[PDB]
Amino acid sequence: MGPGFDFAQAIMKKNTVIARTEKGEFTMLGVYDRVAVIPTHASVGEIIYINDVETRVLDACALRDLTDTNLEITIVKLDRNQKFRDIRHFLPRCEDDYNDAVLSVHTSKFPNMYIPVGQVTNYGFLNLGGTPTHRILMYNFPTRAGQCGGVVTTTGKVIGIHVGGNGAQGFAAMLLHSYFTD
């Protein structure tokens, strides 16, 4: 509908796959080469389905901060025959607050879904499903189940992936450029 939705669509159309684990179907962001991200509660194993194709997992790393606190991001390297467009230059370098974000989801349950969530707060600490979690972004949109792995964007920045909600607010794990140096 406007330039935020433009940037969100450009990311969804080239840098997402549908990931399936034993814990469900998730929006999965591809970042560069065969490297993607997914919420850690997806419980990635040795095999994952990518657009309904059986795919070996070459590596999976559940990120934690240097206090050994959960960040809810798992970085997955896929045994796929095709690379993602490199979008690392759209990742923020530091923790921040944002205006006018979009949450974008693509699954069997919610295809081509885009949500203007408005202002995004650097919330910080969240007890997420009983697990102390850091680097959480918050938006005042009543997000539901099925949206996990959804991509949070502003114009020109890919800032997080949706990991939870409390019925009135939604929560995303930050994406930082420093997670994807090689």
Side-chain angles (χ1 to χ4, degrees), residues 4-19 26-42 44 48 50 57 59-67 69-78 83-107 113-126 128 131-139 141 143 147-165 169-182:
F5 290 109
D6 221 344
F7 182 80
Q9 184 175 256
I11 298 299
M12 294 310 287
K13 283 179 182 282
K14 289 290 170 175
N15 281 80
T16 66
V17 297
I18 299 174
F26 297 86
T27 303
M28 166 176 267
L29 180 74
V31 180
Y32 73 106
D33 289 356
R34 296 166 291 167
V35 177
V37 293
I38 191 170
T40 297
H41 70 253
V44 176
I48 192 169
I50 300 295
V57 172
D59 186 55
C61 179
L63 298 181
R64 305 185 68 89
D65 71 13
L66 295 179
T67 75
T69 306
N70 180 47
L71 291 168
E72 201 54 21
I73 301 284
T74 292
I75 306 181
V76 180
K77 192 162 170 189
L78 300 172
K83 298 178 183 61
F84 299 115
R85 178 193 183 190
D86 189 345
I87 59 166
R88 287 179 291 183
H89 58 292
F90 301 140
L91 300 176
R93 273 159 175 187
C94 61
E95 302 185 18
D96 211 352
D97 315 279
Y98 297 89
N99 300 305
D100 192 28
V102 172
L103 170 62
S104 51
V105 168
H106 190 80
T107 67
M113 162 184 292
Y114 300 79
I115 305 165
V117 293
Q119 282 188 3
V120 179
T121 302
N122 178 1
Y123 193 91
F125 171 91
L126 183 68
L128 178 64
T131 299
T133 303
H134 286 164
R135 285 186 178 148
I136 291 290
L137 299 167
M138 182 275 286
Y139 26 94
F141 188 84
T143 53
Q147 299 205 91
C148 292
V151 188
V152 189
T153 61
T154 66
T155 62
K157 295 188 251 55
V158 179
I159 69 170
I161 65 168
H162 188 75
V163 297
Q169 303 169 312
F171 300 106
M174 286 174 192
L175 294 167
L176 298 178
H177 184 88
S178 55
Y179 296 166
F180 304 104
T181 66
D182 64 318

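Computation of the quantities below employed the complete heavy-atom set of this structure, encompassing side-chain atoms and omitting hydrogens, waters and symmetry-equivalent molecules. Each residue takes its place number in the sequence, starting with 1.
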Ring pair (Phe, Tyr, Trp, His ring centres under 6.0 Å) partners for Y114, two or more places apart = none
Polar side-chain atom of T133 near backbone of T131 as donor-acceptor pair, under 3.5 Å = yes
Could you list the residues that satisfy side-chain contact (heavy atoms from CB on, under 4.5 Å) with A10, not counting sequence neighbours?
-> none
Not counting sequence neighbours, which residues clear ring pair (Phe, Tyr, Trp, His ring centres under 6.0 Å) with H41? List them please.
-> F26
Shortest non-hydrogen contact from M113 toward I115 = SD-CD1, 4.0 Å
For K77, look at atom NZ and say whether over 12 heavy atoms of other residues, nucleotides or ligands are found less than 6.0 Å away.
-> no
Sequence neighbours excluded, the answer for side-chain hydrogen bond (donor to acceptor under 3.5 Å, both in side chains) partners of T107 is none
What distance do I75 atom CD1 and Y179 atom OH have between them, rounded to the nearest 0.5 Å?
-> 8.5 Å
Mind checking ring pair (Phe, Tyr, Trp, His ring centres under 6.0 Å) for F141 and listing every partner two or more places apart, or none if nothing turns up?
-> none
Distance-minimising heavy-atom pair for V102 and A8 = CG1-CB, 3.9 Å
Test salt bridge (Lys or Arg N to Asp or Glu O under 4.0 Å) applied to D65 - qualifying residues, sequence neighbours left out | none
Closest non-hydrogen atoms of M28 and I48, given as atom of the first, atom of the second and distance, are CE-CD1, 4.1 Å
Contacts table for residues 93-101: side-chain donor-acceptor under 3.5 angstrom, sequence neighbours left out:
residue : atom : partner : partner atom : Å
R93     : NH2  : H177    : NE2          : 3.4
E95     : OE2  : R135    : NE           : 2.9
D97     : OD1  : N122    : N            : 2.8

Nearest heavy atoms of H162 and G170, plus distance in Å = CE1-CA, 4.0 Å
Report, one line per pair, each donor and acceptor closer than 3.5 Å where one atom sits in a side chain of residues 32-39; sequence neighbours left out.
none

Can you name the one residue among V31, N15, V152, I11 that meets side-chain contact (heavy atoms from CB on, under 4.5 Å) with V158?
-> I11
Apply side-chain hydrogen bond (donor to acceptor under 3.5 Å, both in side chains) to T27 and list each qualifying residue two or more places apart in sequence or on a separate chain.
-> none
Mind checking side-chain contact (heavy atoms from CB on, under 4.5 Å) for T155 and listing every partner two or more places apart, or none if nothing turns up?
-> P3
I161 CD1 to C148 SG distance, which is reported to the nearest 0.5 Å | 9.0 Å
Closest non-hydrogen contact found for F125 with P132 is CE1-CB, 3.7 Å
Roughly how far, to the nearest 0.5 Å, is the CG atom of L29 from the CZ atom of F84?
-> 8.0 Å
Provide the closest heavy-atom pair for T74 versus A60 in the form atom of the first, atom of the second, distance.
-> CG2-CB, 4.2 Å
The salt bridge (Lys or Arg N to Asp or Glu O under 4.0 Å) partners of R64 (sequence neighbours excluded) come to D68
Those residues at least two apart in sequence (or on a different chain) that pass ring pair (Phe, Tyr, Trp, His ring centres under 6.0 Å) with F90 are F7
Run the side-chain contact (heavy atoms from CB on, under 4.5 Å) check on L175 and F180 step by step: do they pass?
-> CA-CA 9 Å; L175 294 167; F180 304 104; 4.2 Å; yes
